[PDB]
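Visitor: This is work_9.pdb, which holds PDB, N, CA and C atoms and all ligand atoms:
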```
ATOM      1  N   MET A   1     118.851 105.241 141.905
ATOM      2  CA  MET A   1     117.624 104.469 142.251
ATOM      3  C   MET A   1     116.825 104.211 140.978
ATOM      4  N   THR A   2     116.211 103.035 140.892
ATOM      5  CA  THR A   2     115.413 102.662 139.722
ATOM      6  C   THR A   2     114.302 101.701 140.129
ATOM      7  N   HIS A   3     113.224 101.678 139.350
ATOM      8  CA  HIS A   3     112.090 100.801 139.636
ATOM      9  C   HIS A   3     112.417  99.356 139.263
ATOM     10  N   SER A   4     112.201  98.439 140.202
ATOM     11  CA  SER A   4     112.477  97.023 139.964
ATOM     12  C   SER A   4     111.887  96.151 141.070
ATOM     13  N   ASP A   5     110.800  95.450 140.771
ATOM     14  CA  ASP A   5     110.150  94.572 141.755
ATOM     15  C   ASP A   5     109.504  93.361 141.074
ATOM     16  N   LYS A   6     109.944  93.033 139.865
ATOM     17  CA  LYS A   6     109.426  91.886 139.097
ATOM     18  C   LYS A   6     110.594  91.052 138.556
ATOM     19  N   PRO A   7     111.198  90.227 139.368
ATOM     20  CA  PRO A   7     112.350  89.376 138.930
ATOM     21  C   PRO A   7     111.954  88.403 137.814
ATOM     22  N   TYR A   8     110.659  88.129 137.698
ATOM     23  CA  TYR A   8     110.156  87.194 136.679
ATOM     24  C   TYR A   8     109.205  87.890 135.726
ATOM     25  N   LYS A   9     109.766  88.574 134.733
ATOM     26  CA  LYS A   9     108.969  89.304 133.739
ATOM     27  C   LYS A   9     109.348  88.846 132.340
ATOM     28  N   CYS A  10     108.403  88.944 131.410
ATOM     29  CA  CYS A  10     108.650  88.522 130.038
ATOM     30  C   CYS A  10     109.600  89.483 129.328
ATOM     31  N   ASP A  11     110.838  89.045 129.128
ATOM     32  CA  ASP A  11     111.837  89.870 128.449
ATOM     33  C   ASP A  11     111.582  89.866 126.943
ATOM     34  N   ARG A  12     110.336  90.113 126.553
ATOM     35  CA  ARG A  12     109.950  90.136 125.130
ATOM     36  C   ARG A  12     108.921  91.242 124.875
ATOM     37  N   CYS A  13     108.084  91.508 125.873
ATOM     38  CA  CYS A  13     107.050  92.544 125.769
ATOM     39  C   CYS A  13     106.950  93.312 127.083
ATOM     40  N   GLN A  14     105.960  94.193 127.187
ATOM     41  CA  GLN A  14     105.763  94.999 128.388
ATOM     42  C   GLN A  14     105.349  94.146 129.585
ATOM     43  N   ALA A  15     104.595  93.079 129.341
ATOM     44  CA  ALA A  15     104.121  92.189 130.410
ATOM     45  C   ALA A  15     105.204  91.926 131.454
ATOM     46  N   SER A  16     104.804  91.840 132.719
ATOM     47  CA  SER A  16     105.740  91.593 133.818
ATOM     48  C   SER A  16     105.059  90.828 134.944
ATOM     49  N   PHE A  17     105.829  90.040 135.689
ATOM     50  CA  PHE A  17     105.284  89.251 136.803
ATOM     51  C   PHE A  17     106.309  89.071 137.926
ATOM     52  N   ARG A  18     105.813  88.798 139.127
ATOM     53  CA  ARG A  18     106.669  88.591 140.302
ATOM     54  C   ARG A  18     106.893  87.105 140.566
ATOM     55  N   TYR A  19     106.214  86.251 139.807
ATOM     56  CA  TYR A  19     106.324  84.789 139.973
ATOM     57  C   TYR A  19     106.856  84.126 138.704
ATOM     58  N   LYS A  20     107.620  83.054 138.881
ATOM     59  CA  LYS A  20     108.196  82.321 137.752
ATOM     60  C   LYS A  20     107.133  81.484 137.047
ATOM     61  N   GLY A  21     106.222  80.881 137.805
ATOM     62  CA  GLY A  21     105.169  80.058 137.234
ATOM     63  C   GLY A  21     104.248  80.905 136.379
ATOM     64  N   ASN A  22     103.977  82.121 136.841
ATOM     65  CA  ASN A  22     103.117  83.037 136.112
ATOM     66  C   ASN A  22     103.763  83.388 134.780
ATOM     67  N   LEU A  23     105.083  83.551 134.793
ATOM     68  CA  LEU A  23     105.823  83.893 133.587
ATOM     69  C   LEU A  23     105.680  82.768 132.564
ATOM     70  N   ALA A  24     105.813  81.530 133.028
ATOM     71  CA  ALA A  24     105.690  80.378 132.157
ATOM     72  C   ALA A  24     104.291  80.335 131.571
ATOM     73  N   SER A  25     103.301  80.666 132.395
ATOM     74  CA  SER A  25     101.918  80.677 131.949
ATOM     75  C   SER A  25     101.750  81.707 130.841
ATOM     76  N   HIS A  26     102.360  82.872 131.032
ATOM     77  CA  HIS A  26     102.293  83.950 130.055
ATOM     78  C   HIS A  26     103.028  83.559 128.768
ATOM     79  N   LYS A  27     104.102  82.786 128.896
ATOM     80  CA  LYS A  27     104.883  82.366 127.737
ATOM     81  C   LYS A  27     104.031  81.555 126.766
ATOM     82  N   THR A  28     103.007  80.873 127.271
ATOM     83  CA  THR A  28     102.136  80.064 126.427
ATOM     84  C   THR A  28     101.405  80.937 125.407
ATOM     85  N   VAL A  29     101.242  82.214 125.735
ATOM     86  CA  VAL A  29     100.550  83.173 124.876
ATOM     87  C   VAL A  29     101.265  83.377 123.541
ATOM     88  N   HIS A  30     102.586  83.521 123.565
ATOM     89  CA  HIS A  30     103.369  83.747 122.351
ATOM     90  C   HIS A  30     103.326  82.541 121.409
ATOM     91  N   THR A  31     103.290  81.329 121.955
ATOM     92  CA  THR A  31     103.248  80.115 121.139
ATOM     93  C   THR A  31     104.344  80.119 120.073
ATOM     94  N   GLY A  32     105.571  79.816 120.481
ATOM     95  CA  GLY A  32     106.705  79.781 119.554
ATOM     96  C   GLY A  32     108.030  79.761 120.318
ATOM     97  N   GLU A  33     108.372  78.609 120.883
ATOM     98  CA  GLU A  33     109.610  78.462 121.657
ATOM     99  C   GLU A  33     110.828  78.374 120.732
ATOM    100  N   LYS A  34     110.858  79.211 119.700
ATOM    101  CA  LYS A  34     111.982  79.226 118.747
ATOM    102  C   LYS A  34     112.377  80.663 118.405
ATOM    103  N   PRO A  35     112.986  81.363 119.322
ATOM    104  CA  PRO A  35     113.431  82.776 119.100
ATOM    105  C   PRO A  35     114.275  82.951 117.833
ATOM    106  N   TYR A  36     115.206  82.035 117.584
ATOM    107  CA  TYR A  36     116.067  82.117 116.393
ATOM    108  C   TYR A  36     116.261  80.743 115.763
ATOM    109  N   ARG A  37     116.172  80.686 114.439
ATOM    110  CA  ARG A  37     116.350  79.430 113.697
ATOM    111  C   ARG A  37     117.189  79.686 112.449
ATOM    112  N   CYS A  38     118.219  78.872 112.245
ATOM    113  CA  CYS A  38     119.106  79.020 111.089
ATOM    114  C   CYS A  38     118.479  78.409 109.837
ATOM    115  N   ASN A  39     118.066  79.268 108.910
ATOM    116  CA  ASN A  39     117.453  78.814 107.665
ATOM    117  C   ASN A  39     118.444  78.005 106.820
ATOM    118  N   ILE A  40     119.720  78.367 106.908
ATOM    119  CA  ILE A  40     120.777  77.704 106.145
ATOM    120  C   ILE A  40     120.904  76.232 106.545
ATOM    121  N   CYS A  41     120.948  75.963 107.846
ATOM    122  CA  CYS A  41     121.077  74.587 108.363
ATOM    123  C   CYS A  41     119.745  74.102 108.934
ATOM    124  N   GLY A  42     119.219  74.814 109.925
ATOM    125  CA  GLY A  42     117.933  74.463 110.557
ATOM    126  C   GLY A  42     118.047  74.367 112.078
ATOM    127  N   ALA A  43     119.165  74.806 112.645
ATOM    128  CA  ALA A  43     119.375  74.750 114.093
ATOM    129  C   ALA A  43     118.570  75.822 114.814
ATOM    130  N   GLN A  44     117.984  75.445 115.946
ATOM    131  CA  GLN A  44     117.179  76.361 116.761
ATOM    132  C   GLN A  44     117.991  76.854 117.953
ATOM    133  N   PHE A  45     117.920  78.154 118.220
ATOM    134  CA  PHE A  45     118.666  78.759 119.336
ATOM    135  C   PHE A  45     117.778  79.671 120.175
ATOM    136  N   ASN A  46     118.021  79.661 121.482
ATOM    137  CA  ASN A  46     117.265  80.495 122.422
ATOM    138  C   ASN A  46     118.089  81.716 122.819
ATOM    139  N   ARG A  47     119.313  81.798 122.307
ATOM    140  CA  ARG A  47     120.212  82.930 122.618
ATOM    141  C   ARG A  47     120.908  83.455 121.338
ATOM    142  N   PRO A  48     120.992  84.741 121.140
ATOM    143  CA  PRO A  48     121.656  85.307 119.924
ATOM    144  C   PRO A  48     123.174  85.104 119.952
ATOM    145  N   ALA A  49     123.735  84.946 121.146
ATOM    146  CA  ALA A  49     125.174  84.751 121.291
ATOM    147  C   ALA A  49     125.620  83.538 120.497
ATOM    148  N   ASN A  50     124.945  82.412 120.710
ATOM    149  CA  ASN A  50     125.272  81.183 120.007
ATOM    150  C   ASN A  50     125.044  81.365 118.510
ATOM    151  N   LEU A  51     123.982  82.077 118.150
ATOM    152  CA  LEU A  51     123.660  82.318 116.749
ATOM    153  C   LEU A  51     124.772  83.147 116.108
ATOM    154  N   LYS A  52     125.249  84.156 116.829
ATOM    155  CA  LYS A  52     126.314  85.010 116.343
ATOM    156  C   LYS A  52     127.537  84.159 116.054
ATOM    157  N   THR A  53     127.873  83.279 116.991
ATOM    158  CA  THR A  53     129.008  82.392 116.838
ATOM    159  C   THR A  53     128.739  81.411 115.703
ATOM    160  N   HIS A  54     127.472  81.064 115.508
ATOM    161  CA  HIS A  54     127.083  80.147 114.438
ATOM    162  C   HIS A  54     127.235  80.850 113.094
ATOM    163  N   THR A  55     126.862  82.126 113.060
ATOM    164  CA  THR A  55     126.966  82.906 111.828
ATOM    165  C   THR A  55     128.429  83.001 111.407
ATOM    166  N   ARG A  56     129.320  82.729 112.356
ATOM    167  CA  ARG A  56     130.755  82.794 112.086
ATOM    168  C   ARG A  56     131.093  82.020 110.805
ATOM    169  N   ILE A  57     130.549  80.816 110.654
ATOM    170  CA  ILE A  57     130.802  80.006 109.458
ATOM    171  C   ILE A  57     130.118  80.630 108.242
ATOM    172  N   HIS A  58     128.899  81.126 108.428
ATOM    173  CA  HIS A  58     128.143  81.740 107.343
ATOM    174  C   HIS A  58     128.708  83.117 107.018
ATOM    175  N   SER A  59     129.517  83.656 107.924
ATOM    176  CA  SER A  59     130.118  84.966 107.722
ATOM    177  C   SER A  59     130.920  84.983 106.428
ATOM    178  N   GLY A  60     130.268  85.351 105.331
ATOM    179  CA  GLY A  60     130.921  85.405 104.023
ATOM    180  C   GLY A  60     131.511  86.784 103.765
ATOM    181  N   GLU A  61     132.816  86.911 103.977
ATOM    182  CA  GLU A  61     133.505  88.180 103.765
ATOM    183  C   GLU A  61     135.018  87.978 103.786
ATOM    184  N   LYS A  62     135.444  86.732 103.963
ATOM    185  CA  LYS A  62     136.867  86.401 104.000
ATOM    186  C   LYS A  62     137.057  84.886 103.866
ATOM    187  N   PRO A  63     136.849  84.343 102.699
ATOM    188  CA  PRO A  63     137.001  82.875 102.450
ATOM    189  C   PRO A  63     138.370  82.341 102.883
ATOM    190  N   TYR A  64     139.413  83.137 102.674
ATOM    191  CA  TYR A  64     140.770  82.731 103.032
ATOM    192  C   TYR A  64     141.707  83.934 102.986
TER     193      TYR A  64
HETATM  194 ZN    ZN A 101     105.534  88.180 126.703
HETATM  195 ZN    ZN A 102     123.652  77.395 109.929
END
```
Show this structure as structure tokens.
Guide:
Amino acid sequence: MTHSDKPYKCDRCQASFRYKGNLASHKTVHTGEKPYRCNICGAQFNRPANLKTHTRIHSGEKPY
């Protein structure tokens, strides 16, 4: 058993909410819809998975 009654909570800080609209309202507080940005190229990503795959090219440790 575990505590869980806020399906719509900010997965960035302690803040939590039971409504999706409220979450969006709270998101305005952070002011920065750019979690990850590639300085090398300039691409913006909302997920680290894509960034990890993107780093694949930048992965300098085996040129050939
Ligand atoms: Zn937050
Ligand atoms: Zn890049």
Visitor: Just want the 12 Å neighbourhood of residue 39 in chain A, counted on only C-alpha atoms, with same-chain residues fewer than 5 positions away dropped. Output as a PyMOL selection string.
Guide: chain A and resi 44-45+51+54-55+58
Visitor: Run the PyMOL selection byres (((not hetatm)) within 5 of (chain A and resi 102)) mentally over the shown coordinates, then write out the matched residues as a list in words, using the chain letters and numbers from the document.
Guide: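 Applying the expression gives residues 38, 40 and 41 of chain A.
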Visitor: Which is closer to ligand ZN 101 (chain A) than all the others in A:46, A:59, A:14, A:22, using all atoms listed in the file?
Guide: A:14
Visitor: Can I get the residues close to ligand ZN 101 (chain A) as a VMD selection string, where close means within 9 Å and we count only C-alpha atoms and all ligand atoms?
Guide: chain A and resid 9 to 16 23 26 to 30
Visitor: Please indicate the distance in Å from CA of residue 4 in chain A to CA of residue 36 in chain A, rounded to one decimal place.
Guide: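 Interatomic distance, CA of residue 4 in chain A to CA of residue 36 in chain A: 28.1 Å.
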Visitor: For atom C of residue 48 in chain A and atom N of residue 63 in chain A, quote the distance in Å rounded to one decimal.
Guide: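 Taking atom C of residue 48 in chain A as the start and atom N of residue 63 in chain A as the end point, the length is 22.0 Å.
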Visitor: Mind checking DSSP for chain A and telling me the strand (DSSP E or B) residues as a list in words?
Guide: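 Those in chain A that DSSP calls strand (DSSP E or B) are residues 8, 17, 36, 37, 44 and 45 of chain A.
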Visitor: Measure the distance from atom N of residue 57 in chain A to CA of residue 34 in chain A in Å and round it to one decimal.
Guide: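 Answer for the atom N of residue 57 in chain A to CA of residue 34 in chain A separation: 20.3 Å.
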Visitor: Near residue 7 in chain A, within 10 Å and counting only C-alpha atoms, which residues show up once chain neighbours fewer than 4 positions away are dropped, as a PyMOL selection string?
Guide: chain A and resi 16-20
Visitor: When DSSP is applied to the backbone of this structure, which of chain A are assigned helix (DSSP H, G or I)? Write them out as an mmCIF file with N, CA and C atoms, keeping the file's coordinate frame.
Guide:
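Contents of the output file selection_27.cif:
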```cif
data_model
loop_
_atom_site.group_PDB
_atom_site.id
_atom_site.type_symbol
_atom_site.label_atom_id
_atom_site.label_comp_id
_atom_site.auth_asym_id
_atom_site.auth_seq_id
_atom_site.Cartn_x
_atom_site.Cartn_y
_atom_site.Cartn_z
ATOM 1 N N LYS A 20 107.620 83.054 138.881
ATOM 2 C CA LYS A 20 108.196 82.321 137.752
ATOM 3 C C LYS A 20 107.133 81.484 137.047
ATOM 4 N N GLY A 21 106.222 80.881 137.805
ATOM 5 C CA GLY A 21 105.169 80.058 137.234
ATOM 6 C C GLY A 21 104.248 80.905 136.379
ATOM 7 N N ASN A 22 103.977 82.121 136.841
ATOM 8 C CA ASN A 22 103.117 83.037 136.112
ATOM 9 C C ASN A 22 103.763 83.388 134.780
ATOM 10 N N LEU A 23 105.083 83.551 134.793
ATOM 11 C CA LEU A 23 105.823 83.893 133.587
ATOM 12 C C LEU A 23 105.680 82.768 132.564
ATOM 13 N N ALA A 24 105.813 81.530 133.028
ATOM 14 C CA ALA A 24 105.690 80.378 132.157
ATOM 15 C C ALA A 24 104.291 80.335 131.571
ATOM 16 N N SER A 25 103.301 80.666 132.395
ATOM 17 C CA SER A 25 101.918 80.677 131.949
ATOM 18 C C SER A 25 101.750 81.707 130.841
ATOM 19 N N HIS A 26 102.360 82.872 131.032
ATOM 20 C CA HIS A 26 102.293 83.950 130.055
ATOM 21 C C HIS A 26 103.028 83.559 128.768
ATOM 22 N N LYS A 27 104.102 82.786 128.896
ATOM 23 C CA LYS A 27 104.883 82.366 127.737
ATOM 24 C C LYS A 27 104.031 81.555 126.766
ATOM 25 N N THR A 28 103.007 80.873 127.271
ATOM 26 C CA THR A 28 102.136 80.064 126.427
ATOM 27 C C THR A 28 101.405 80.937 125.407
ATOM 28 N N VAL A 29 101.242 82.214 125.735
ATOM 29 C CA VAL A 29 100.550 83.173 124.876
ATOM 30 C C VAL A 29 101.265 83.377 123.541
ATOM 31 N N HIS A 30 102.586 83.521 123.565
ATOM 32 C CA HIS A 30 103.369 83.747 122.351
ATOM 33 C C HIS A 30 103.326 82.541 121.409
ATOM 34 N N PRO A 48 120.992 84.741 121.140
ATOM 35 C CA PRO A 48 121.656 85.307 119.924
ATOM 36 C C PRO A 48 123.174 85.104 119.952
ATOM 37 N N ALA A 49 123.735 84.946 121.146
ATOM 38 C CA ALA A 49 125.174 84.751 121.291
ATOM 39 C C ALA A 49 125.620 83.538 120.497
ATOM 40 N N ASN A 50 124.945 82.412 120.710
ATOM 41 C CA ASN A 50 125.272 81.183 120.007
ATOM 42 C C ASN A 50 125.044 81.365 118.510
ATOM 43 N N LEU A 51 123.982 82.077 118.150
ATOM 44 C CA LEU A 51 123.660 82.318 116.749
ATOM 45 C C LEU A 51 124.772 83.147 116.108
ATOM 46 N N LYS A 52 125.249 84.156 116.829
ATOM 47 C CA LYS A 52 126.314 85.010 116.343
ATOM 48 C C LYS A 52 127.537 84.159 116.054
ATOM 49 N N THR A 53 127.873 83.279 116.991
ATOM 50 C CA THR A 53 129.008 82.392 116.838
ATOM 51 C C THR A 53 128.739 81.411 115.703
ATOM 52 N N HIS A 54 127.472 81.064 115.508
ATOM 53 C CA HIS A 54 127.083 80.147 114.438
ATOM 54 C C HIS A 54 127.235 80.850 113.094
ATOM 55 N N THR A 55 126.862 82.126 113.060
ATOM 56 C CA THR A 55 126.966 82.906 111.828
ATOM 57 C C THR A 55 128.429 83.001 111.407
ATOM 58 N N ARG A 56 129.320 82.729 112.356
ATOM 59 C CA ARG A 56 130.755 82.794 112.086
ATOM 60 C C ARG A 56 131.093 82.020 110.805
ATOM 61 N N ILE A 57 130.549 80.816 110.654
ATOM 62 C CA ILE A 57 130.802 80.006 109.458
ATOM 63 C C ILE A 57 130.118 80.630 108.242
ATOM 64 N N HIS A 58 128.899 81.126 108.428
ATOM 65 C CA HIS A 58 128.143 81.740 107.343
ATOM 66 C C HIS A 58 128.708 83.117 107.018
#
```
Visitor: Considering only C-alpha atoms, state which residue in the set A:8, A:3, A:33, A:61 is at the smallest distance from residue 21 in chain A.
Guide: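 The shortest atom-to-atom distance to residue 21 in chain A comes from A:8.
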Visitor: Can you work out which one of A:64, A:47, A:1, A:52 has the shortest atom-to-atom distance to residue 35 in chain A, counting only N, CA and C atoms?
Guide: A:47
